[PDB]
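Next up: the same protein chain in two forms, each one alone, written as C-alpha cells (structure 1, then structure 2).
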Structure 1
C-alpha cells in the first residue's frame, strides 16, 4: 500500500491516552500533500506520562499500541501533548531515552522524532487540520478563519495575523502552503483546559445542578459560574489583555471550534442546528437545562451518562473563555466540528513537517 503512496504514522500521546493514526497521501505540483486519508486508528489507556519510565513498562505500552497494526515500515512521529508538559524536563528525558531504545530494538517502525510538542505547535496543527477539512487552504483565502481548541488540559486559539515585532516569536508562525504565504498568531493556555480548570471549581454551588465534595449542595446558576471562571481566565492567565487587542486589530470572519465543545453541543440535552452555535444561547440552554434542574430528576432521566453532571460548568466556562476572555460577541456564530467526522490535529502533522 505504502509503496504506491506516501504514508506516515502520527502518535498523539495525550493526557488520558495515546492515539496512533496512520495516513496515506499523494503530493500535488506544489510539493504539498493532498487526498489525505486515515487508514488506521487506535487508542490505548492510560496516558504515557502517568506510567513508569522503565523498559519493561514502555515496551508493554508500545507493544499494546502498535502490535496489531497492519501497515509496517513507515516513518513515525511521536508527539506528546499536555500531560507530558506538566512534567519537568528531567522526568521527560527518562521517557524519551527508553523510547529511543525501544525503537532501535526493532525495524518495522522508522522513528523520525519523539518529543513533547508545545501548545503553540499544537495550535498550528489545529488550524491546518480544520482548514484542510474545509478546503480553504488550496484557494487564496479572502475570508479569515479562526480556530479554538477546547482541550482537556490546555486551550488553544489561532488566527491570521501579519508579523508583529512587539509580539513574541513563539506566538507567531510563518508558513508557505499550497504556494501561499501564511502568518498566524498562536497561543496556548496551559492549565485552562476543562479537566484542569474544573479542579478549582468543584465546591462552587453556582456551577452544579448535586452533592459537592465538601458536602454542600448544588444550586446552579450559570451567570454566577461564568463570573467565577472569568476570575481564573482574566485575573490569573490574563486572557483578555493578551488576546482582545489583537482580535480588534485582526478581526476574524469565521470561528471554528474543536474539542469538548463538540461533545457538549451535540448531546441530547442541547439543540443546535447546522453544527454551529452562539454564546448567549449556549449559556441559556445550560442555565435552563442543567443549572436550574433537580439533580435527582435529571440523573434519573439519563443514568449511564457519565458527563451530564458537568454541563452547567462547561457551558459557563466556554462562555467565559470565548466572550469574557477572547472578547467575541455573544450573538456571533461559532461553528463546531461534529464528533463523527473524527477531525483531529494530527492531520496537520501531515501538512507541516
Structure 2
C-alpha cells in the first residue's frame, strides 16, 4: 500500500461518455508541490454521469461501480465533471450533486473534498498541466512552445503559452508558478464541438459517410472527406468563429510541438488508420479517412471490420478533426500532431493533482 508512505488522492474525470477514477500517489518538493506522481489505480465506467437519472438508487449503483473495488480507499476524492454536465442547466446539475453529496456522507471509505462541474477553461488548464507533466517539460524554462488539444465528446479544448494580455478576456488566460517557473497560458474550450455533439449536425450529410451507408433520413452515403470537411468547417467558423478567435493568437504565439489527447488517440490507433510514432498529420488523417472509409462501399467495409463500433463515423471524424485543427485553429496540414497512446488512459486529472498546490 503506497498510500501508507506517500500522499494519495483520487480524481474522477466525469466526462460526457463515462467516468474515469484515478488514484495517484506522490511526494512533494519543499514548496509542497507534487512530484513523483504515479497512477496506482485506474477504472473507467459507462455511461457519462450526466446521462443517468439523478435519483438515490441510480447514483448509488453508479458510484458503487466506479469506486467499490479500488484497492485503496480512505483517501481524499475530487469529482470533477466536464462538458456532459455543462450541457445541463445548473438547476438540473444541482440534483446530481445533492444526491452525490448524500452518497458520500452516507459512507466512510472515501473523503469527498469537492464534487463540481469545472469550466472548459479549467479543464484546458488541467489538460496542459497533465500532458506537460507527462512529457517532463514543467521542470525548467523551455526552448519550445508546447500546445495541447483535448478532443472530447461534447467539448474540445486548446491551450498554449501566451504572454499575459490585457486585450483578451481574463477567463481565457491563466498564469501559474510551478517548480519556480512562471507560465502564462491561453485557454479555450468550445462547447458543442466535441465529437458526439458535432456529429448530431451531420448525420444526414452523404459526404460524411461511406458509399451506401443508410443515413437516418433514408438517403445514401456518398463519402468524400474534403466535402464533409467543408461542411464541418461551417459549424467551426460560421457558427463558433473558431478561426477568428484562435488563429490570430497562434500566429503571434507559435506552438512548436502539438500534443493531443481525447478521442483522436482512439481513432488514430484503430485498425482502419495507420500512423507511426504515435503521431499524425492532418493531411494524412484526411487522406486516410477519404480513401479507407469515405470512398468504400459501406456493407462491404462493415463486414470486413466487424470489431470496431466507431467504423461508421470514421469518414466524418477524420473530416471533423481536419476542419477543427486546420480550418479552425489554423494548424498547417503537414504539421506533426503527437497523440498520447490510448493505453495510457491519459486525461487532465494529473493537472488536478498539481494545481491545488500552486
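Numbering follows the first chain given and starts at 1. Superpose the two forms; the largest set of C-alphas matching within 1.5 Å is the rigid core.
- Of the candidates 181, 231, 203, 73, the Cα that moves 2 angstroms or more after core superposition between structures 1 and 2 belongs to 73 alone.
- Each of the two rigid parts keeps its shape between structures 1 and 2, while the smaller one turns against the larger by 9°, per C-alpha superposition.
- Structural comparison between structures 1 and 2 after rigid-core fitting shows the C-alpha of residue 119 displaced 0.4 Å.
- At residue 344, the distance the Cα travels between structures 1 and 2 is 1.4 Å after the core is superposed.
- For residue 60, the Cα deviation between structures 1 and 2 after core superposition amounts to 3.8 Å.
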